[PDB]
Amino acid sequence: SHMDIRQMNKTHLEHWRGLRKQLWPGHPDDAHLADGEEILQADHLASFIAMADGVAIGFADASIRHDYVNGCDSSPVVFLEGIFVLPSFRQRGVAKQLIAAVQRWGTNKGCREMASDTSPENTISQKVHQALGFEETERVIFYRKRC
């Protein structure tokens, strides 16, 4: 059956939020709401929803980052902020298409590089990033200190 990757607009907010809560549980509910609104008005944020037969089966959040991005040599960079495909629809090339949409968006925005990150423990994610043409650049430990 035919699938479409739609850049998220107001009409897909509920499809998006319903999936996003499955990728990041306990990311606060109020946060999804605000995030959705922020994204709809941004020029450096965009999200994409995989739709087929009227249902949303997956999504990707993306951004255009001007901060230094680990492993990249140019700026700005289009960055894959999160991606999720429902269990029942995996290994069908849904993420491949969502990522192509993110790449197309960042390319049209003038980015020369697309980047992403994932836990060293997320093994399927690593296989997926590599299967899709990303090469691993570096691994780092992040630190935080309250100001």
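Residue numbers here begin at 1 and follow the sequence given.
Q: Note whether residue 18 lacks coordinates in a third or more of the other compared entries that model its flanking residues.
A: No, residue 18 is modelled in every one of the other compared entries that cover both of its flanks.
Q: Is residue 31 unbuilt in at least a third of the other PDB entries compared?
A: In at least a third of the other entries, residue 31 has no coordinates.
Q: State which stretch shows the higher mean Cα B factor in the entry: 93-101 or 23-31.
A: For C-alpha atoms only, the mean B-factor is higher in 23-31.
Q: Give the stretch, out of 57-65 and 41-49, with the larger mean C-alpha temperature factor in the deposited entry.
A: Taking the mean B-factor of the alpha carbons in each, 41-49 is higher.
Q: Relative to the other modelled residues in the chain, which third contains the C-alpha temperature factor of residue 81: lowest, middle or highest?
A: Tercile = lowest for this residue's CA B-factor.
Q: In terms of the CA temperature factor given in the entry, to which third of its chain does residue 87 belong: lowest, middle or highest?
A: Middle third - that is where residue 87 ends up once the chain's C-alpha B-factors are sorted.
Q: Tell me, lowest, middle or highest third: where does the Cα B factor of residue 106 rank within its chain?
A: Lowest third.
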